[PDB]
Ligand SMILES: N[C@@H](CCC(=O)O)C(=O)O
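As structure tokens, one chain now follows by itself in the form solved without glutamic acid.
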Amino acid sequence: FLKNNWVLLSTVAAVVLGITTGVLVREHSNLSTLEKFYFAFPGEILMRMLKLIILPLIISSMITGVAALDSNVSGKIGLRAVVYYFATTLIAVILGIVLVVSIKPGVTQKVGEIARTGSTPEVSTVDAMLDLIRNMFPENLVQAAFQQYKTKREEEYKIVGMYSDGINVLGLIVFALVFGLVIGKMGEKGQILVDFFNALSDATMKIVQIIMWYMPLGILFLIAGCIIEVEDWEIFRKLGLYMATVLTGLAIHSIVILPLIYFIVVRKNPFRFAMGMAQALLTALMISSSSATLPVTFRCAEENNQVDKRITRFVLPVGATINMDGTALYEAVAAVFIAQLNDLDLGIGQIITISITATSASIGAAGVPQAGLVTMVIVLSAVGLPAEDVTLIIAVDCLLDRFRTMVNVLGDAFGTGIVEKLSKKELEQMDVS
């Protein structure tokens, strides 16, 4: 078993050791504010090392996957993937609404005891929905590689725009898809570009494999530092039911709904599918970033369970940005909890409004600095509640974001096989032409 499953064993041992180190240092020592940063420094180095790979990997993988197919086949596969993602997001939103309504956590608790932290960002709903489309088509490609576009109202108000930092994944993916479609059709004129991007993708995969060797040491200090940062257990005890209901929703989704759909579509063991991606699930748990974890998910999905290259190369980059299942669940649950905190009546129209708003805003908050706060503000504004109440959950927002990424990765892994089976006729038909 050793020397072949070394990476997974090292990751598990690092997780256990980091938990032990963090709890011991917190319980039997006291550190200053500055020293915790120097204790978590290796985690930051690992996080920037993983952040750097994202751009070339995403671009080359998307271009290769799109150019490896034909126009009609690419259209059909993209349509199937989009339909599957939308259906699973809508089902997740319904599940979250039903669970949070049935549990009724906010009624028993009192608003006065809970303390507020952080601030409420200024959000305009229509402006955000238009910013999505504006970012879909950036003005500059080089600027789109590390910057995003934002618009705010100012003055009977006029619109003024500005550029802020942050890689624009959506616009890059759209342009890569168009470029891959074009050079797939060019043929003998675009073969050199296809070869260039294939080589770039392979080199990026090798660099990722190199980074995976150092990953466990970073993970140890990442976990230890994250555990150290907690101030007291009173905030967790007061908000225990909120974590209970979000985690119950995520677990129910992951264990029931996705394997059930997999069984209605295909016929195999969904749990054999799920157990082969433990490395990717852990990667998601500690790194907690769907884009950063993409190389690991790619590698595990390609190697462990033998999936075809075209389906993986085309489904994984799209599912990185579009698939938002845990996010929507958390938005719905937290928003309804906030509504319960205040005096409100749960009408059917209001529930339908929340159901639509959670999905729409979660799709809107696909890639942004703080998706959760913006989505919560949009949902509250649609309902009519004040936007200041987003501050309460911030103290316990970080914990769930670790499991949301794991759920998203599992959903992408299941959807890859689902689409593969669905379009298995085309793969065989076009193999010789």
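The term rigid core refers to the most C-alpha atoms you can superpose between the two forms while keeping them within 1.5 Å. Throughout, we count residues from 1 along the sequence that is shown.
> Please confirm whether residue 277, modelled here, goes without coordinates in at least one third of the other compared entries that cover both its neighbours.
Across the compared entries, residue 277 is modelled every time.
> Hey, does residue 119 show up as a hole in at least a third of the other compared models?
Yes: coordinates for residue 119 absent from at least a third of the compared entries.
> Looking at the deposited sequence, how many residues between residue 343 and residue 344 were given no coordinates in the entry: none, 1 to 3, 4 to 9, or 10 or more?
The entry has no unmodelled residues between residue 343 and residue 344.
One more form of this protein exists, namely the form solved in complex with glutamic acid; it is left out here, but the text below deals with it.
> Check, residue by residue, if 219, 279 and 299 all come within 4.5 Å of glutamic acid in the deposited complex, counting heavy atoms only.
No, the whole trio is out of contact, none within 4.5 Å by any heavy atom.
> Tell me which stretch of 300-308, 283-291, 145-153, 231-239 has a heavy atom within 4.5 angstroms of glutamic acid in the deposited complex.
That would be 283-291.
> Heavy atoms within 4.5 Å of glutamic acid in the deposited complex: does residue 395 have any?
Close contact is absent here: in the deposited complex, residue 395 is far from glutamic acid, nothing within 4.5 Å, heavy atoms only.
> Would you please decide whether residue 371 lies within 4.5 angstroms of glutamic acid in the deposited complex, comparing each non-hydrogen atom pair?
Looking in the deposited complex, residue contacts with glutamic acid include residue 371, since a heavy atom lies within 4.5 Å.
> Considering only heavy atoms, tell me if residue 324 and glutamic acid come within 4.5 Å of each other in the deposited complex.
Yes.
> Consider residue 366 of the chain shown here, and say whether it contacts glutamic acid in the deposited complex, taking contact as heavy atoms within 4.5 Å.
It does: once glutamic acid is placed as it appears in the deposited complex, residue 366 has a heavy atom within 4.5 Å of it.
> Pick out the residues of 376-412 whose heavy atoms come within 4.5 Å of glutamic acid in the deposited complex.
Read in sequence order, the residues that approach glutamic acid (within 4.5 Å, in the deposited complex) are 401, 404, 405, 408.
> With the core superposed, find the residue in 377, 66, 58, 46 that moves its CA 2 Å or more between the shown form and the other one.
After core superposition, the single residue displaced by 2 Å or more is 377.
> Does residue 219 move appreciably between the shown form and the other one, meaning a CA displacement of 2 Å or more on the superposed rigid core?
Shift of 2 Å or more: no.
> If we fit on the core, is the Cα of residue 148 displaced 2 Å or more between the shown form and the other one?
Shift of 2 Å or more: no.
> Superpose on the rigid core, then tell me if the C-alpha of residue 178 is displaced by 2 angstroms or more between the shown form and the other one.
After core superposition, the displacement of the residue 178 C-alpha between the shown form and the other one stays below 2 Å, so no.
> Would one find the Cα atoms of residue 405 and residue 368 closer or farther in the deposited complex than in this form, where their distance changes by 3 Å or more?
Closer: residue 405 and residue 368 approach by 3 Å or more in the deposited complex.
> What happens to the Cα distance from residue 162 to residue 367 in the deposited complex: does it get closer or farther than here, with a change of 3 angstroms or more?
Relative to the shown form, the pair is farther apart.
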